[PDB]
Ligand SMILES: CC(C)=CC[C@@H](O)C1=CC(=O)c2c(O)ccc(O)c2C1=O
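Here's a solo chain for you in structure tokens, the form solved without the named molecule.
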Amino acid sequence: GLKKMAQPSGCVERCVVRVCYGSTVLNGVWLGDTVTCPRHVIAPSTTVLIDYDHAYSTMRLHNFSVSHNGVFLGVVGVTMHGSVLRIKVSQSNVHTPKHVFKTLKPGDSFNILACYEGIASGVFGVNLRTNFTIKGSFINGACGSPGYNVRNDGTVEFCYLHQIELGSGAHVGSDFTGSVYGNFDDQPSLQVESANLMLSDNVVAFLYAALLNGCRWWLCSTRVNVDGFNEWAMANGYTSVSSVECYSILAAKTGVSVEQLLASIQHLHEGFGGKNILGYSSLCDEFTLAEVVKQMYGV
């Protein structure tokens, strides 16, 4: 069985703050004596292009208001790093978790804590897509909502700060160094993301989960090797497959090689007409190998 789940949010909830500059309000993340938030908070109200260098030069500290659960924090200084601000505050968060900062790569799964006015409202798992966007559920005010992962030793990896929604509905964020994923602009514009590719590593994991649930009507006895599959994937909207050996735990429990699943992807690429696999009517790239193994075996 497979369910997209989030890792527990409690340690991240204790870091979320409300950041206001003038009338503009969004979310930030308070670790130690630093609050990180999108620099959009200092943008002037205007319909023309934002000159953030100018806004930063004219910025005054007294225009900031930063609070955690309605308790206001004093602002000591502010510096700008790409698309984020680093706000130094006059006291440290006593609930700062053990943490690091990590930049995601396409195909990485992570957790979003959707926040509004410094208050978390929801949490869900997501995948960074090949076009460097995610499919979230955000409404007005979610800017600065953090993305995270929790390592096995309990270390929180801070990896995402929500920045903008594109005209297509795709969501764009930055890492905590201020680099926007996919090099999108952090202000309204007419930019469009590139076509989404199916995450082949995730589809292989999905088909192994199907096999382990007794669903195998689709299984191909043909084999396609990695080099051949990667050339096919180029022409058919799929990513390369990264490797084969990481699936050995599932290859052994089933009797099925990764190369058989690569052939099966090519066989199922257009549709199931009109059967289903684990309830899905087309191939699913929602679940990583790590998620399948964790949810099926606890590893």
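Note that residue numbering begins at 1 and tracks the sequence as displayed.
Same protein, other form: the form solved in complex with the named molecule, not shown, and the subject of what follows.
*Asks:* Can you pick the one in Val156, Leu113, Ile164, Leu85 that has a heavy atom within 4.5 Å of the named molecule in the deposited complex?
*Replies:* Partner contact (heavy atom, 4.5 Å) among the options: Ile164.
*Asks:* With the named molecule left out of view, which of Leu250, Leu26, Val35, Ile42 would have a heavy atom within 4.5 Å of it in the deposited complex?
*Replies:* Only one listed residue qualifies here, and that residue is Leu26.
*Asks:* Using a 4.5 Å heavy atom cut-off, indicate which stretch of 180 to 188, 195 to 203, 208 to 216, 94 to 102 touches the named molecule in the deposited complex.
*Replies:* Heavy-atom contact with the partner occurs in 180 to 188.
*Asks:* For the named molecule, considered in the deposited complex: do all three of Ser221, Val241 and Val244 come within 4.5 Å of it, counting heavy atoms only?
*Replies:* No, the candidate spot makes no contact with the named molecule.
*Asks:* Is there a heavy atom of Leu31 lying 4.5 Å or less from a heavy atom of the named molecule in the deposited complex?
*Replies:* Outside the cut-off, so no.
*Asks:* Indicate whether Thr46 is a 4.5 Å heavy atom neighbour of the named molecule in the deposited complex.
*Replies:* Yes - in the deposited complex, heavy atoms of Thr46 and the named molecule come within 4.5 Å of each other.
*Asks:* With the cut-off set at 4.5 Å between non-hydrogen atoms, does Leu128 touch the named molecule in the deposited complex?
*Replies:* No.
*Asks:* Could you confirm whether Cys143 comes within 4.5 Å of the named molecule in the deposited complex, counting heavy atoms only?
*Replies:* Although the named molecule is absent here, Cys143 would touch it in the deposited complex, with heavy atoms inside 4.5 Å.
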